[PDB]
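Everything below belongs to query-v6.pdb, which stores PDB, C-alpha atoms.
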```
ATOM      1  CA  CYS A   1     -88.440  31.493  20.165  1.00  0.00           C
ATOM      2  CA  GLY A   2     -89.700  30.546  23.718  1.00  0.00           C
ATOM      3  CA  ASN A   3     -87.281  27.835  25.059  1.00  0.00           C
ATOM      4  CA  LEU A   4     -83.749  26.457  24.337  1.00  0.00           C
ATOM      5  CA  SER A   5     -84.935  23.538  22.138  1.00  0.00           C
ATOM      6  CA  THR A   6     -87.126  25.920  20.051  1.00  0.00           C
ATOM      7  CA  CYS A   7     -84.146  28.314  19.588  1.00  0.00           C
ATOM      8  CA  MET A   8     -82.005  25.268  18.509  1.00  0.00           C
ATOM      9  CA  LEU A   9     -84.772  24.136  16.064  1.00  0.00           C
ATOM     10  CA  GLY A  10     -84.976  27.758  14.797  1.00  0.00           C
ATOM     11  CA  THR A  11     -81.153  27.903  14.361  1.00  0.00           C
ATOM     12  CA  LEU A  12     -81.337  24.511  12.543  1.00  0.00           C
ATOM     13  CA  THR A  13     -84.087  26.001  10.262  1.00  0.00           C
ATOM     14  CA  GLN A  14     -81.881  29.105   9.602  1.00  0.00           C
ATOM     15  CA  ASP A  15     -78.952  26.739   8.910  1.00  0.00           C
ATOM     16  CA  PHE A  16     -81.122  24.782   6.437  1.00  0.00           C
ATOM     17  CA  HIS A  17     -82.314  28.138   4.884  1.00  0.00           C
ATOM     18  CA  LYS A  18     -78.616  29.010   4.391  1.00  0.00           C
ATOM     19  CA  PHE A  19     -77.627  25.620   2.887  1.00  0.00           C
ATOM     20  CA  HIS A  20     -80.790  25.453   0.698  1.00  0.00           C
ATOM     21  CA  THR A  21     -80.110  28.609  -1.359  1.00  0.00           C
ATOM     22  CA  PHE A  22     -76.246  28.339  -1.549  1.00  0.00           C
ATOM     23  CA  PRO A  23     -73.126  26.209  -0.588  1.00  0.00           C
ATOM     24  CA  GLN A  24     -70.701  28.973   0.714  1.00  0.00           C
ATOM     25  CA  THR A  25     -73.755  30.681   2.411  1.00  0.00           C
ATOM     26  CA  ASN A  26     -72.060  31.098   5.875  1.00  0.00           C
ATOM     27  CA  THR A  27     -70.611  34.431   4.462  1.00  0.00           C
ATOM     28  CA  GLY A  28     -73.864  35.534   2.694  1.00  0.00           C
ATOM     29  CA  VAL A  29     -77.094  33.707   3.746  1.00  0.00           C
ATOM     30  CA  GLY A  30     -79.013  34.698   0.535  1.00  0.00           C
ATOM     31  CA  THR A  31     -75.998  35.444  -1.736  1.00  0.00           C
ATOM     32  CA  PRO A  32     -73.650  33.552  -4.195  1.00  0.00           C
TER      33      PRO A  32
END
```
Could you take the file, read its structure, and then write that structure out as structure tokens?
Amino acid sequence: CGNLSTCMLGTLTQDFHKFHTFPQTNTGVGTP
């Protein structure tokens, strides 16, 4: 990170990483 908008883009990329591998992912980011 380095500024707010970059942390929000990073959190969006983590959120996409979550939703890419799995649907229920909010309990297990790389897990079924």
Checklist entry - Which residues come within 6 Å of stretch 7-19 of chain A, counting all atoms listed in the file, excluding same-chain residues fewer than 5 positions away, as a list in words? => result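 In the requested format, the answer is residues 1, 25 and 29 of chain A.
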Item to check | All residues 9 Å or closer to residue A:32, all atoms listed in the file, same chain fewer than 5 positions away omitted, as a list in words | outcome: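 In the requested format, the answer is residues 21, 22, 23, 24 and 25 of chain A.
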Please put the answer as AutoDock Vina command-line options: centre and edge lengths, in Å with one decimal, of a box along x, y and z that encloses all listed atoms of stretch 18-28 of chain A plus 5 Å on each side.
```
--center_x -75.7 --center_y 30.5 --center_z 2.2 --size_x 20.2 --size_y 20.1 --size_z 17.4
```
